[PDB]
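Next up: a single chain in structure tokens, the form solved without the named molecule.
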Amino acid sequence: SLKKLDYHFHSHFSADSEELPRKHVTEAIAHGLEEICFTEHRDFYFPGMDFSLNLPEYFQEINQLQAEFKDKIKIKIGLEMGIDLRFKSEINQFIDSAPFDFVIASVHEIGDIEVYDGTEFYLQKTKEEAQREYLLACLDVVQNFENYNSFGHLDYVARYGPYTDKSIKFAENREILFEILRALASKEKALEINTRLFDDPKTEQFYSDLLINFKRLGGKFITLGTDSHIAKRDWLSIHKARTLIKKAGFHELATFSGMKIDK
């Protein structure tokens, strides 16, 4: 069976969450999770809003929780790193500055335009064009950046936009997704299954296709996370994602210590 875990979530150390770190831990324990990894935001030069991370306070707090809850759950100290290749040196210096257990590489902005509801990003742009641009940026990251463990939310672009149906389809993006998935597999990176939109069957379909094609292209490593910014989680969405990962033929989820996969 897949280990019960959450490898993508945010607490008050992230600029867009107010959650108490301890509440994530107690919720995790209450739902039988064996392991969790905090993955707070750092995004360099993010447009319109600071996404900085106080490393001394973050590490001190999670280290305290690790000790407090040692007998009950395994806690890892990770990072969701927004990638922009213009800032590669700053990004690598940041990752290498503290003993992170796990790093997610994510695309949150492209060309100083945030990928979010209401921004320039979706304005006078078809959904298909927004998807094309988003995935091109993801490929750019996978081809040119190495200092991470798992690739975050490939469906991020489907969270937003003026469209009534914001869903992303694998087939409409096949060529670029094959390139991304083949490169992740070749470089021994994990694919994140992100449950944020899993209450929508169209999200399940997209990730089903991602999983099947990743495996066909040599993919081995899968991480699972909620992107929850509060402790209270949608547990049905987590169950759906786990069921899907199993159906696709993956028998384990990847966990990391000091940015090295646990074996």
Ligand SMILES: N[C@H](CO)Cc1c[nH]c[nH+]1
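For every residue, the number given is its place in the sequence shown, counted from 1.
What follows is about the form solved in complex with the named molecule, which we do not show.
When you look in the deposited complex, the only residue of 155, 101, 84, 114 with a non-hydrogen atom within 4.5 Å of the named molecule is 114. This chain is displayed without the named molecule, yet in the deposited complex the stretch 46 to 54 from 216 to 224, 63 to 71, 46 to 54, 201 to 209 comes within 4.5 Å of it by heavy atoms. Taking non-hydrogen atoms only, residue 178 never approaches the named molecule to within 4.5 angstroms in the deposited complex. Although the partner is absent here, residue 108 is a contact residue: one of its heavy atoms lies within 4.5 angstroms of the named molecule in the deposited complex. Contact annotation: residue 247 falls outside 4.5 Å of the named molecule in the deposited complex, judged by heavy atom distances.
Heavy atoms of residue 239 reach within 4.5 Å of the named molecule in the deposited complex, making it an interface residue.
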